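Engineer:
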Amino acid sequence: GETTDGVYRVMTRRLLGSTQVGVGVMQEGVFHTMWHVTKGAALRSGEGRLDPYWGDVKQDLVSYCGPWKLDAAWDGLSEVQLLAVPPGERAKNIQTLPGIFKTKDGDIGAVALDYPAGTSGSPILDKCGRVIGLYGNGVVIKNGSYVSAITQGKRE
Amino acid sequence: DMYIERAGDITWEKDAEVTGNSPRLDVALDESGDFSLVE
Ligand SMILES: CC(C)c1nc2c(C(=O)Nc3cccc(CN)c3)cccc2[nH]1
């Protein structure tokens, strides 16, 4: 169906009404989203079907119709934009300076913005409009607020 | 069956709402892809 580059809502009709369970990026004919959004299930785009191609639970990422295409990285210094697509609400760009998730396997960028769980998969961008990662997998800090990692895949 | 719907273009927008802090957090990622805070 629609294979135009851009940001898309991931909807489901299994529950009451049409519920938004996540968001994704269409780039170079590949749909990129978070694994916890689809659980690796097939997606519909009008009359067309999108089949999973690559997926990993630990990374929490999945790609449809082809290999993962997003490979831009956070420079570790500049502000970024979360292009938040919330359920029932219009896509909005929120500018923020990321924090740092310090891990035993290296440091990763982190965006401290609170959005409903169905906003998972919304892209995080650099000043060039390039997707540096997806929003939706992180931690809940002391006051109930969410801090998501800047999650990026590997371009093979 | 899940389905997709276009929500917009992927572009940087000048004069966007600037909000959110930058915390440095000690974290751990498990085999199930779940992050947890290390204390
Ligand atoms: C704290 C709450 C308001 C909140 N939860 C979230 C979530 C969330 O719970 N993500 C999730 C769920 C299941 C599995 C995985 C991958 N391990 C990630 C995503 C975005 C924004 C959020 N705000």
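So the sequences go chain by chain: A and B.
Take the first sequence: its letters are residues 1514 to 1669, numbered as in full-length UniProt numbering.
Take the second sequence: its letters are residues 1418 to 1456, numbered as in full-length UniProt numbering.
Beta carbons are placed, not taken as given, at the ideal position from N, Cα and C, and that holds for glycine.
(1) Going by DSSP in three states, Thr-1609(A) sits in which element: helix, strand or coil?
(2) Return yes when at least one heavy atom of ligand 1 lies under 6 angstroms from the C-beta of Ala-1433(B), else no.
(3) In chain order, what residues have a CB nearer than 5 angstroms to some heavy atom of ligand 1?
(4) Given a threshold of 16 other Cβ atoms within 10 Å of its Cβ, counted over all protein chains shown, does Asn-1656(A) qualify as buried or as exposed?
(5) Under 6 angstroms Cβ to Cβ from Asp-1620(A), same chain only, skipping five residues before and after it: list those, please.
(6) Pull up the distance between the alpha-carbon of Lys-1605(A) and that of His-1549(A), whole angstroms please.
(7) Under 7 angstroms between C-beta atoms, does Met-1524(A) make it to chain B?
(8) Could you check whether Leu-1446(B) and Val-1652(A) sit closer than 7 angstroms to each other, using their CB atoms as the reference points?
(9) Grouping DSSP H, G and I as helix and E and B as strand, with all else coil, what is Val-1455(B)?
(10) Over what stretch of residues does the alpha helix (DSSP H) that includes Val-1550(A) continue unbroken?
Structural biologist: Taking the geometry as given:
(1) The answer is strand: DSSP assigns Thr-1609(A) an E or B state.
(2) False, no ligand heavy atom lies under 6 angstroms from that Cβ.
(3) Proximity annotation: ligand 1 has residues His-1549(A), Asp-1573(A), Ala-1630(A), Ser-1633(A), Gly-1649(A), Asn-1650(A), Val-1653(A), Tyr-1659(A), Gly-1450(B) and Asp-1451(B) in chain order, each selected because its CB is closer than 5 angstroms to a heavy atom of the ligand.
(4) By the neighbour-count rule (16 or more Cβ atoms within 10 Å), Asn-1656(A) is not buried but exposed.
(5) Contacts found: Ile-1613.
(6) Cα atoms of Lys-1605(A) and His-1549(A): separation of roughly 22 angstroms, rounded to the nearest angstrom.
(7) By this cut-off, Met-1524(A) is an interface position.
(8) Cβ distance not < 7 angstroms, so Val-1652(A) and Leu-1446(B) don't count as in contact.
(9) Residue state, collapsed to three classes: coil.
(10) For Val-1550(A), the enclosing alpha helix (DSSP H) covers residues 1548 to 1551.
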